[PDB]
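Per-entry structural report
Okay, here's what each chain looks like letter by letter:
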Amino acid sequence: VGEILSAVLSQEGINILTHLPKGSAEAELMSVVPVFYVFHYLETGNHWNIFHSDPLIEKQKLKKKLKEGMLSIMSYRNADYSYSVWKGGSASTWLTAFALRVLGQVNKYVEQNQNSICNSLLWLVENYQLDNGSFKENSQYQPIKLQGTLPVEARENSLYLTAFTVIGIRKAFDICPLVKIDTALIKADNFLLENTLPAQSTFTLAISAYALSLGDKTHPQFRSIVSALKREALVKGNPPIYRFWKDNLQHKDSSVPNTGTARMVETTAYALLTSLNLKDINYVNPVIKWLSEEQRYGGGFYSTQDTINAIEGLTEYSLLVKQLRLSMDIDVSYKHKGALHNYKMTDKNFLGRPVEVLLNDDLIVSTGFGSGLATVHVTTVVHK
Amino acid sequence: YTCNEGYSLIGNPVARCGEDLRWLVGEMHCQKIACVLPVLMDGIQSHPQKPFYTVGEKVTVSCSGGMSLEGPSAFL
Amino acid sequence: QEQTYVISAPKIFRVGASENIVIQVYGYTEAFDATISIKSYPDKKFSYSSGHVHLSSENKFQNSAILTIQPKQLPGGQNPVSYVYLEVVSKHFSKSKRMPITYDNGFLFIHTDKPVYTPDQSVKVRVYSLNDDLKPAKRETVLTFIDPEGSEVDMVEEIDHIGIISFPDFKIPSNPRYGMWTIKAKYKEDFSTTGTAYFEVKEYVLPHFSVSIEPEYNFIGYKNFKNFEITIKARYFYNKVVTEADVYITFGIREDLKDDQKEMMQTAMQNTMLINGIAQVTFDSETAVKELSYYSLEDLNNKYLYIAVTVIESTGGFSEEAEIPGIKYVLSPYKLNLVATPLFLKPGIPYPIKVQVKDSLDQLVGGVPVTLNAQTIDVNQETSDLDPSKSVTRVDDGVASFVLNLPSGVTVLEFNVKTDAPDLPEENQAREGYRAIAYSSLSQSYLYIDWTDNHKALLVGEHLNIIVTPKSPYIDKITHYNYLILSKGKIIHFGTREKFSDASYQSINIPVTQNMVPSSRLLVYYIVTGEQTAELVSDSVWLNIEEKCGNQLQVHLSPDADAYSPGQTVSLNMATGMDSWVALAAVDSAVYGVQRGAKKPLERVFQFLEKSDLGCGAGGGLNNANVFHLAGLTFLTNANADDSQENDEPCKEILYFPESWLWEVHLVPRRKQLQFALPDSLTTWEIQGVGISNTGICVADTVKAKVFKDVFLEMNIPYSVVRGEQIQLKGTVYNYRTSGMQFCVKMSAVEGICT
Amino acid sequence: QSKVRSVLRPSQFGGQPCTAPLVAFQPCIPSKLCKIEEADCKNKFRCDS
Amino acid sequence: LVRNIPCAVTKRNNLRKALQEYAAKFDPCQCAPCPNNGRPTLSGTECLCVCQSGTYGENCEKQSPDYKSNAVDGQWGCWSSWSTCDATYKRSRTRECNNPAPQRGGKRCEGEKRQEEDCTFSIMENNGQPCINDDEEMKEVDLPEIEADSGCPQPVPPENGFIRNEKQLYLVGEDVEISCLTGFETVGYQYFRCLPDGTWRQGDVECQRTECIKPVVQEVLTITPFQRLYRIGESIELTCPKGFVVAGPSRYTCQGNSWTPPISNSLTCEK
Ligand SMILES: *[C@@H]1O[C@H](CO)[C@@H](O[C@@H]2O[C@H](CO)[C@@H](O)[C@H](O)[C@H]2NC(C)=O)[C@H](O)[C@H]1NC(C)=O
């Protein structure tokens, strides 16, 4: 596994359960969607077994608050399975994609009725799938600035909208796989790639790279975008202790979170999520350490977006870390002939000895589900 | 702690006088430095039959008559 | 500032070591007690150890506390504790100092039965396992095998019951990577001690006889660039001269002792006769270089000579070859460095200097003249130049010796030592400039010892007697001086030495106890309260203790013979002064001959054990603090000194036909006599054993035993033969009878071979 | 470690002063280590200050 | 001013926090009001009145003969505590001009009678303040490290291959698994291994083409992409919406190593 970082939420997770009063401006949505993400973070499991240092979040209380938020989010759904904050407001493709993301998370414990989700997906694609860029946003009065965020609307906010819609679709698709949704994903990914070839502003590059990381992790131009992002990363120390991205003279000091820090934290969190999709732990570690500083203390604007992406990144890091934990009883055997050897591959016994393959038969290597990654090589030695 | 001569101390050798005025102990054990006789893999008879033999001491071994005993007549 | 204290401790606490910590207080009168304790850092919350020590006039107000950091009570985990608080508490003071701790506790001596192996062999291997105290460690241990590509190949672990860890025999993998394999040994879980050993895997064949190439010098200078002279000799491994061999000499250019393949020569390619074990060869390097090469002069030749030699026995089928991988051409043949020389002055007392003249191939030159220019300053830059002394090196050590009866006022000596071999110019006479500095006391208060810089080592159990003289404005206060004796990092003895009414101080009349036998160290100190300000005054010295084991295990073949017959029943008696375990091994001297450039498994074991000395140099220092640091100590005092200024720098001053058998372990209850039959291999066998006791390890004297017969056959079968090919297989029969007689060998072979 | 209290009302118009320390200090034994280290400048001359 | 010091930024932000607490604790607004338009000032423990010209005595209580202007007053009260976080999670506080209230045409209290701030909370378990300087991060691409450990630097992967685990340095004996880009398959031994000399035991391996992406030509419609990726000899239909052709075939296929496709432009046919 290499290096592991104890990046974690404080007891402030309890405040994010009891979070700032539910109500108008969808302060309820701002309160609950963090409750959901905290839910999933705790669902990583440590924060019920070990959290005794702090007050255990009561399972049932968390469940209750979860349920309340589910009902709320439903209540804001548009009748046509769009969404709006105002009852009579416009459909928002952006906020609907945000719903789709959150409701993609919830299923990990409480599935949302997939029919409604599928209808929302069909509405969003069928109404707004343009064929050169896609999902241009409808005439919603404004984004609620703390609920949404400010992309660089000065240039081609369709890039932002496409990225967010793609990400929402990604989080929904596994619960509503649809071939035409797949096709619209392909289209949007293609546009987002081709229009990210000019670097524009690095927030766009990071969010587009994350969208593609959800898609083809290994497309050549995807990797070229990644190699650009990794060029834009600032670092402290020759071996990077911290790595992050800035724009727009955010190097100015700010004692409190603000829209510039919001953009900073968002673009960094998207780069983190992209790198976690790459499973590049040696690259991710200094980003996680940077994020744990809470420089710009409180972080972002303390916007919903930055907070949600930050927690998503932290959960995905702790997940990938515990995935790489090596445990694999690799049993190797002949096809026709018997078993050969049974390496108890462990963080201690991580390297079984070379075994000469005596018998002249095909060799099948197998393992229990175990954990982590391993590699095994046979060499064959012969005379000519 | 230390074991008697001819024994190895296994586990943590130490104990600590706790604030309870009692010894917290390292779950320690004493194993004899002299090897036990090896398990009779098929009832093979150790002629110098003893409960213990030092490391490097010799045990002299044969099966019953007419059985070709596998392996050496000693393990040391 | 009358009431003062020193606590003195090892510079580093070894994890799990028993560390002896000694306290002296000055100017108290009422008997009082202190505690010395080791506490967690930074929080001081957890006491790793504590010792109550009573201090009284009865003790001359001196005591020590013995304190140990048990390895399990450290928090361990991801972060080792780096630092720890040493604390003192009394009615009169408290202070604490941040000691570093280190887990490098003990030694892991890996012994493999042989230095080299072929494919299709197994390496029998075992480890000797000891605390920082020489007791058997009894710690479970893991071997890590590493291939010549650096890949880890196996971990095998064993429980130590004895201090001898007989690991399972490691079969060489069914396809080895060739070259130097490595074994690394570590105690499991809780120590950093890391043993290491190597072996080479090669398709070798046992050589039939040794070939030794014996250049007069590993360098060529002005004298020899014209012509060089080089002996060659050969002996069969039963230690008799090779009667007749055809010798072919193959010179080459060289540029690098490490590795090169510079142009091989094609002139003066001497073919010659070895007779009665010896050939004498000479090489007019000037002629050969000028004739072959575009090089023509030694000025072009800050370089090296390669030579290979091959020799064919003039009436037989065994042929053998060897090389010297470089003889250094350089206008400066030697190099010069100081040895055992403090660079710290005891003014008025004689200042001895010893200087070593060394080859450009890192070898002792022997007898060479040297002259030492010396320049002194005493006070206020009052500068005087001394007459240049002259000396010659010891013919074995290459060490020249000097002594200067410097002025009692001398504060610094800067001195220039230059080789004085008249045949070399000064630009080629190895020469160096050095500076030596007085103790730099604050209150003109000093401590000196009479130690005569004895070139001979001290003999165990003799009463050493070193006279010590404090000098100060306040000598009538000092009343006594303290002393500390250091072995490894550890304060093994301490005490105090009263002023006679004579105003003369007790000498250090002490037995050099058996725990000192690895070269040891002494430090002496006092605090004088001055007019009102205290100063810690101290000095230290190096003491070599002549390397005598504790067990002194003596092992000998009771049926003493010049040579035994093959298969001779023999009685090997092992005797020891006490109950001891022993490990035994036998290896054919020809196997040491197999390795082109051999080394023994347990050479330099004692200097490896001495690596645990935290100090360096002959002693002394720029200050009390520096004296303590270079002695490998540290101290807590209110007497206006502290160590902290000085860095933890790495100071580096210089001061059946088996190939092996008998690979066995036994108890020797003081004495045991073991009889066995030798192999059929007619060779000298190098028999070695290692005693292991509570007193420590002792490698026995190596026994060489010749297996010889008046008549025998040997055949030069190669390591392997290509299938389906007709081959020519060559041998020779050897006659050591007084007389010739008719011999035949009838060969008999399996049907899988035809001839 | 610092212990501190607040003025509930200041003195004025000649009333009694507060007459006592607003902050007190107590020597601790610290739990963490100092992560502050000298940030020695790259190139400017470092005054002994 | 706090600049160019070790931990400059951390100390700066701490100092801002302290300044806000200090003002909130020792602002003179909490004084009882001075007579005769004395401006109160607070030196920690005592309020001292600054007298207007034409007022004198210890604390302005006696006026001069010309002062007139009796009870012409007014100065700010203290800030309220912050409101709780509102619908937009903004807190706010107010000050009431009431100390003293404006009188007889005396001034209204100066400036903004309210303040509003967006709420914020620290979220993560910060073990302690980092020492952050002003510019220590500013390096995006440092000097290449010395590489004193003499391991292996990153090898250049073969054509159409990539490194699963790109790093600056690979350990001796470490093997790096190459893998093939989205259209390609690995053939041969896909591991390089770091040799003690820093070479790579470079594998007898090369990425072979499995498939061809949807062709990268500038389009809006005038396309029917049956797939994102195509095997060689699979059709890709470039069908014009109106039967014209801009360039090349109205349908093509990845013939092998390439389509040999039109490089100048897509089939953005005339219509
Ligand atoms: C080489 O010599 C050995 C020793 O005599 C031969 O082995 C013996 O073979 C006979 C039968 O022919 C047995 O009765 C003996 O017990 C064997 N000796 C042992 C096992 O030590 C061997 O056959 C000879 N090989 C030849 C001549 O090719």
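The PDB entry annotates chain E as Complement component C6 of Homo sapiens. The deposited PDB record carries the title "2C9, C5b9-CD59 structure".

The name the PDB entry assigns to chain A is Complement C5, from the organism Homo sapiens.

This part is about the overall build of chain A. A count of helices and strands for chain A gives 13 helices and five strands. For chain A, whose C-alpha radius of gyration is 23 Å, the value lies close to the compact-globule estimate of 21 Å for 384 residues. On the principal axes, the C-alpha backbone points of chain A span a range of 80 × 50 × 50 Å. Expressed as a percentage of its 384 residues, the buried residues of chain A come to 53%. Contacts spanning at least 24 positions in sequence make up 69% of the contacts within chain A whose residues lie at least 6 apart. Of the roughly 17500 Å² that chain A leaves accessible, carbon and sulfur atoms contribute 56%.

Turning our attention to the packing of aromatic side chains. Counted under the stated rule, the structure contains 49 aromatic pairs over all chains. With centroids separated by 5.7 Å and ring planes inclined at 40°, the aromatic side chains of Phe415(C) and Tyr434(C) adopt a geometry described as tilted. With a gap of 19 residues between them, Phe415(C) in strand β34 (residues 412-419) and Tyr434(C) in strand β35 (residues 431-438) connect regions that are remote in the sequence. On the basis of relative accessibility, which here comes to 0%, the residue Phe415(C) falls in the buried class. Each ring, one from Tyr189(E) and one from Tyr191(E), has its centre 5.3 Å from the other, and the planes form 45°; the classification is tilted. Through a chain of ring-to-ring contacts, the aromatic side chains of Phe209(C), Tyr236(C), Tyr238(C), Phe708(C), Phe712(C), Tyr734(C) and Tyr736(C) assemble into a single cluster. Directly above the aromatic system of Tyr81(A) lies the positively charged group of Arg77(A), at a separation of 4.0 Å from the ring centroid. Over the aromatic face of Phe191(C) sits the side chain of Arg139(C), whose NZ or CZ is 3.9 Å from the ring centroid.

Attention now goes to the interface of chain D and chain C. Between chain D and chain C, the contact holds five residues from the first and four residues from the second. Buried area between chain D and chain C, both sides added, is near 330 Å², and the carbon and sulfur share of it is 74%. For chain D, the biggest contributors to the area lost against chain C are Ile29(D), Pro30(D) and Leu33(D); these three give 83% of the whole. Our count for the contact surface shared by chain D and chain C stands at zero salt bridges. Between the two partners, chain D and chain C, sit zero residue pairs in polar contact. Broken down by class, the residue content of the side of chain D that touches chain C amounts to three nonpolar, one polar and one charged.

What follows concerns the interface of chain E and chain A. On the side of chain A, 51 residues touch chain E, which itself brings 41 residues to the contact. Between chain E and chain A lies a buried interface of about 4500 Å² when both sides are counted; carbon and sulfur atoms form 57% of it. In terms of surface lost to chain A, no three residues of chain E exceed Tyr89(E), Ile123(E) and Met124(E), which account for 17% of the buried area on that side. Summed over the shared surface of chain E and chain A, the number is 19 residue pairs in polar contact. Top element by residues in the side of chain E that touches chain A is helix α1 (residues 8-26) of chain E. It accounts for three residues.

Another aspect to go through is the arrangement of the chains. Here six pairs of chains are in contact, and chains A and E lead that list by number of contacts. In this view chain A stays clear of chain B, with the nearest C-alpha atoms of the two still 20 Å from each other. Nowhere do chain A and chain D come into contact; their C-alpha atoms are at least 13 Å apart.

So, how was this worked out
- Residues numbered from 1 in each chain as written, not as in the entry; some residues may be left out.
- Chains lettered and ligands numbered in written order.
- Part of a larger assembly, values for the part shown.
- Heavy atoms only, no water.
- Residues with missing side-chain atoms left out of burial classes, pairs and counts.
- Helix = DSSP H or I, 4+ residues; strand = E, 2+ residues; numbered from the N terminus.
- Rg over C-alpha atoms; globule rule 2.2 N^0.38 Å.
- Buried < 20%, exposed > 50% of the residue type's maximum accessible area, 1.4 Å probe, protein only.
- Contact = heavy atoms within 4.5 Å.
- Areas by Shrake-Rupley, 256 points an atom, 1.4 Å probe, with all protein chains shown as cover.
- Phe/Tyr/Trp six-rings, centres within 6.5 Å; stacked < 30°, edge-to-face > 60°.
- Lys NZ or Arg CZ within 6 Å of the ring centre and 35° of its normal.
- Buried area = accessible area lost by both parts, 1.4 Å probe.
- Salt bridge = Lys/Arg side-chain N within 4 Å of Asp/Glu carboxyl O.
- Polar contact = N/O pair within 3.5 Å; in protein donor to acceptor, adjacent residues only side chain to side chain.
- Nonpolar A, V, L, I, M, F, W, Y, C, P; charged D, E, K, R; others polar.

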